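Pasted below: data-v3.cif, mmCIF, C-alpha atoms.
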data_start
#
loop_
_atom_site.group_PDB
_atom_site.id
_atom_site.type_symbol
_atom_site.label_atom_id
_atom_site.label_comp_id
_atom_site.auth_asym_id
_atom_site.auth_seq_id
_atom_site.Cartn_x
_atom_site.Cartn_y
_atom_site.Cartn_z
ATOM 1 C CA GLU A 1 -60.753 48.025 -13.920
ATOM 2 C CA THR A 2 -57.112 47.943 -12.745
ATOM 3 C CA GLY A 3 -56.472 44.867 -14.941
ATOM 4 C CA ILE A 4 -56.356 46.883 -18.191
ATOM 5 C CA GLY A 5 -53.941 49.542 -16.871
ATOM 6 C CA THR A 6 -51.575 46.933 -15.377
ATOM 7 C CA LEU A 7 -51.039 45.202 -18.747
ATOM 8 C CA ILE A 8 -50.222 48.454 -20.606
ATOM 9 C CA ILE A 9 -47.479 49.486 -18.139
ATOM 10 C CA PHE A 10 -46.174 45.878 -18.089
ATOM 11 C CA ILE A 11 -45.283 46.090 -21.811
ATOM 12 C CA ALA A 12 -43.429 49.384 -21.196
ATOM 13 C CA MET A 13 -41.482 47.909 -18.244
ATOM 14 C CA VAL A 14 -40.193 45.012 -20.384
ATOM 15 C CA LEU A 15 -39.030 47.339 -23.193
ATOM 16 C CA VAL A 16 -37.154 49.645 -20.774
ATOM 17 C CA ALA A 17 -35.293 46.714 -19.158
ATOM 18 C CA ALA A 18 -34.139 45.552 -22.617
ATOM 19 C CA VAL A 19 -32.531 48.962 -23.297
ATOM 20 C CA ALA A 20 -30.331 48.895 -20.163
ATOM 21 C CA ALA A 21 -29.328 45.300 -20.998
ATOM 22 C CA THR A 22 -28.146 46.373 -24.479
ATOM 23 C CA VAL A 23 -25.904 49.141 -23.069
ATOM 24 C CA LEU A 24 -23.986 46.750 -20.778
ATOM 25 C CA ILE A 25 -23.368 44.169 -23.538
ATOM 26 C CA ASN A 26 -22.255 46.746 -26.145
ATOM 27 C CA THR A 27 -19.839 48.466 -23.723
ATOM 28 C CA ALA A 28 -18.259 45.158 -22.624
ATOM 29 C CA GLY A 29 -17.758 44.134 -26.275
ATOM 30 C CA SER A 30 -15.996 47.434 -27.057
ATOM 31 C CA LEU A 31 -13.665 47.162 -24.036
ATOM 32 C CA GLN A 32 -12.917 43.502 -24.886
ATOM 33 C CA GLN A 33 -11.041 44.259 -28.126
ATOM 34 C CA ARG A 34 -9.024 47.147 -26.632
ATOM 35 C CA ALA A 35 -7.837 45.125 -23.608
ATOM 36 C CA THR A 36 -6.858 42.135 -25.787
ATOM 37 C CA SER A 37 -4.877 44.255 -28.280
ATOM 38 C CA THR A 38 -3.063 46.220 -25.537
ATOM 39 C CA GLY A 39 -1.792 43.002 -23.908
ATOM 40 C CA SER A 40 -0.443 41.539 -27.170
ATOM 41 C CA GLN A 41 1.232 44.796 -28.276
ATOM 42 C CA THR A 42 3.018 45.248 -24.920
ATOM 43 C CA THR A 43 4.338 41.653 -24.984
ATOM 44 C CA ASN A 44 5.925 42.356 -28.391
ATOM 45 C CA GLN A 45 7.213 45.742 -27.159
ATOM 46 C CA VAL A 46 9.218 44.354 -24.212
ATOM 47 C CA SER A 47 10.668 41.259 -25.925
ATOM 48 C CA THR A 48 11.854 42.934 -29.155
ATOM 49 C CA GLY A 49 15.251 44.668 -29.358
ATOM 50 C CA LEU A 50 18.404 45.211 -31.443
ATOM 51 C CA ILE A 51 22.021 44.616 -30.375
ATOM 52 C CA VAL A 52 25.319 45.929 -31.782
ATOM 53 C CA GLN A 53 28.052 43.302 -32.224
ATOM 54 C CA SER A 54 31.161 45.172 -33.439
ATOM 55 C CA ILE A 55 32.113 48.423 -35.206
ATOM 56 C CA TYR A 56 34.952 48.720 -37.748
ATOM 57 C CA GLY A 57 36.452 51.769 -39.490
ATOM 58 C CA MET A 58 38.585 52.376 -42.599
ATOM 59 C CA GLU B 1 -44.368 44.543 -11.452
ATOM 60 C CA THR B 2 -40.644 44.977 -10.683
ATOM 61 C CA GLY B 3 -40.197 41.171 -10.691
ATOM 62 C CA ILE B 4 -40.336 40.897 -14.505
ATOM 63 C CA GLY B 5 -37.810 43.697 -15.151
ATOM 64 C CA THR B 6 -35.342 42.337 -12.563
ATOM 65 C CA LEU B 7 -35.089 38.937 -14.301
ATOM 66 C CA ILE B 8 -34.410 40.442 -17.760
ATOM 67 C CA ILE B 9 -31.471 42.579 -16.548
ATOM 68 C CA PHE B 10 -30.183 39.621 -14.472
ATOM 69 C CA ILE B 11 -29.595 37.569 -17.656
ATOM 70 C CA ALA B 12 -27.682 40.501 -19.208
ATOM 71 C CA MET B 13 -25.510 40.934 -16.082
ATOM 72 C CA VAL B 14 -24.411 37.270 -16.190
ATOM 73 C CA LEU B 15 -23.469 37.453 -19.896
ATOM 74 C CA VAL B 16 -21.392 40.638 -19.415
ATOM 75 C CA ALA B 17 -19.422 39.115 -16.507
ATOM 76 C CA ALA B 18 -18.555 36.093 -18.689
ATOM 77 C CA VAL B 19 -16.991 38.373 -21.341
ATOM 78 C CA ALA B 20 -14.546 40.038 -18.909
ATOM 79 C CA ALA B 21 -13.631 36.587 -17.536
ATOM 80 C CA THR B 22 -12.729 35.360 -21.049
ATOM 81 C CA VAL B 23 -10.367 38.312 -21.677
ATOM 82 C CA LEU B 24 -8.281 37.617 -18.544
ATOM 83 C CA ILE B 25 -7.901 33.881 -19.295
ATOM 84 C CA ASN B 26 -6.990 34.387 -22.983
ATOM 85 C CA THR B 27 -4.378 37.072 -22.188
ATOM 86 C CA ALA B 28 -2.731 34.954 -19.459
ATOM 87 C CA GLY B 29 -2.531 31.966 -21.835
ATOM 88 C CA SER B 30 -0.822 34.090 -24.515
ATOM 89 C CA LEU B 31 1.744 35.517 -22.062
ATOM 90 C CA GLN B 32 2.405 32.018 -20.647
ATOM 91 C CA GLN B 33 4.016 30.641 -23.825
ATOM 92 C CA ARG B 34 6.160 33.748 -24.441
ATOM 93 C CA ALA B 35 7.578 33.819 -20.886
ATOM 94 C CA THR B 36 8.363 30.073 -20.952
ATOM 95 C CA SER B 37 10.146 30.230 -24.333
ATOM 96 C CA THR B 38 12.186 33.333 -23.386
ATOM 97 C CA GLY B 39 13.569 31.615 -20.261
ATOM 98 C CA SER B 40 14.644 28.455 -22.121
ATOM 99 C CA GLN B 41 16.240 30.359 -25.030
ATOM 100 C CA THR B 42 18.292 32.595 -22.699
ATOM 101 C CA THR B 43 19.585 29.580 -20.723
ATOM 102 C CA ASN B 44 20.895 28.074 -23.984
ATOM 103 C CA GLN B 45 22.294 31.471 -25.058
ATOM 104 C CA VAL B 46 24.525 31.967 -21.990
ATOM 105 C CA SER B 47 25.817 28.386 -21.647
ATOM 106 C CA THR B 48 26.746 27.794 -25.313
ATOM 107 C CA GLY B 49 30.124 28.904 -26.706
ATOM 108 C CA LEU B 50 33.100 27.962 -28.907
ATOM 109 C CA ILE B 51 36.789 27.921 -27.922
ATOM 110 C CA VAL B 52 39.969 27.993 -30.035
ATOM 111 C CA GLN B 53 42.644 25.466 -29.022
ATOM 112 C CA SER B 54 45.654 26.111 -31.294
ATOM 113 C CA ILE B 55 46.475 27.660 -34.688
ATOM 114 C CA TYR B 56 49.100 26.268 -37.093
ATOM 115 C CA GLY B 57 50.470 27.642 -40.382
ATOM 116 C CA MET B 58 52.346 26.206 -43.382
#

Kindly transcribe the structure held in the file into structure tokens.
Amino acid sequence: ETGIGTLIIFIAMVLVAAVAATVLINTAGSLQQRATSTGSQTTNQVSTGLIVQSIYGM
Amino acid sequence: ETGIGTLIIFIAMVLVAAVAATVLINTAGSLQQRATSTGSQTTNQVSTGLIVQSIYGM
């Protein structure tokens, strides 16, 4: 009967959907750390600087 | 059926969207404190100064 064949494919459908879910989570986690670090590094880059007061010679 | 697979990926889609939301909030909060402090420090920097009145010798 059709009942047996339906159950077999059902298991396969669940496993496939889990794979595509894993890709999206892993990619978002990788891009999270890069975007956070870039923002913090740029903030330090703009604000920091050195200034010359006076120059003397002998 | 397609109904089972749709629900599994749906959960994953919601979790991924939450991650990207967290990045934007955290970055804006970090840049908030830097921009506020820079403005206040510069205002004090320009306004403050010392002046010499008179010099006497013995």

Q: Kindly resolve the PyMOL selection byres ((chain A) within 6 of (chain B)) on the present coordinates and return the residues as number ranges by chain.
A: A: 14, 17, 21, 25

Matching every Cα in sequence order between the two identical chains, what are the coordinates of chain B once fitted onto chain A? Write them as a compact mmCIF listing (two decimals) with C-alpha atoms, in the coordinates of the input.
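So the final result, stored in result.txt, reads:
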# COMPACT_ATOMS: atom_id res chain seq x y z
CA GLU B 1 -60.75 48.02 -13.92
CA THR B 2 -57.11 47.94 -12.74
CA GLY B 3 -56.47 44.87 -14.94
CA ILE B 4 -56.36 46.88 -18.19
CA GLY B 5 -53.94 49.54 -16.87
CA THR B 6 -51.57 46.93 -15.38
CA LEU B 7 -51.04 45.20 -18.75
CA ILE B 8 -50.22 48.45 -20.61
CA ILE B 9 -47.48 49.49 -18.14
CA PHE B 10 -46.17 45.88 -18.09
CA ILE B 11 -45.28 46.09 -21.81
CA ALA B 12 -43.43 49.38 -21.20
CA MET B 13 -41.48 47.91 -18.24
CA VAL B 14 -40.19 45.01 -20.38
CA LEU B 15 -39.03 47.34 -23.19
CA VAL B 16 -37.15 49.65 -20.77
CA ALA B 17 -35.29 46.71 -19.16
CA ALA B 18 -34.14 45.55 -22.62
CA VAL B 19 -32.53 48.96 -23.30
CA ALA B 20 -30.33 48.89 -20.16
CA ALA B 21 -29.33 45.30 -21.00
CA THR B 22 -28.15 46.37 -24.48
CA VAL B 23 -25.90 49.14 -23.07
CA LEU B 24 -23.99 46.75 -20.78
CA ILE B 25 -23.37 44.17 -23.54
CA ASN B 26 -22.25 46.75 -26.15
CA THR B 27 -19.84 48.47 -23.72
CA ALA B 28 -18.26 45.16 -22.63
CA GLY B 29 -17.76 44.13 -26.27
CA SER B 30 -16.00 47.43 -27.06
CA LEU B 31 -13.67 47.16 -24.04
CA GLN B 32 -12.92 43.50 -24.89
CA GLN B 33 -11.04 44.26 -28.13
CA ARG B 34 -9.02 47.15 -26.63
CA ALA B 35 -7.84 45.12 -23.61
CA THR B 36 -6.86 42.13 -25.79
CA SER B 37 -4.88 44.25 -28.28
CA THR B 38 -3.06 46.22 -25.54
CA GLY B 39 -1.79 43.00 -23.91
CA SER B 40 -0.44 41.54 -27.17
CA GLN B 41 1.23 44.80 -28.28
CA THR B 42 3.02 45.25 -24.92
CA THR B 43 4.34 41.65 -24.98
CA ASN B 44 5.92 42.35 -28.39
CA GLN B 45 7.21 45.74 -27.16
CA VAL B 46 9.22 44.35 -24.21
CA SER B 47 10.67 41.26 -25.92
CA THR B 48 11.85 42.94 -29.15
CA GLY B 49 15.25 44.67 -29.36
CA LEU B 50 18.40 45.21 -31.44
CA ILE B 51 22.02 44.62 -30.37
CA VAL B 52 25.32 45.93 -31.78
CA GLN B 53 28.05 43.30 -32.22
CA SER B 54 31.16 45.17 -33.44
CA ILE B 55 32.11 48.42 -35.21
CA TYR B 56 34.95 48.72 -37.75
CA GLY B 57 36.45 51.77 -39.49
CA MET B 58 38.58 52.38 -42.60

Q | For atom CA of residue B:43 and atom CA of residue A:49, the interatomic separation in Å (one decimal) | A | 17.9 Å

Q: For atom CA of residue B:42 and atom CA of residue A:41, determine how far apart the two atoms are, in Å to one decimal place.
A: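 For atom CA of residue B:42 relative to atom CA of residue A:41, the distance reads 21.7 Å.
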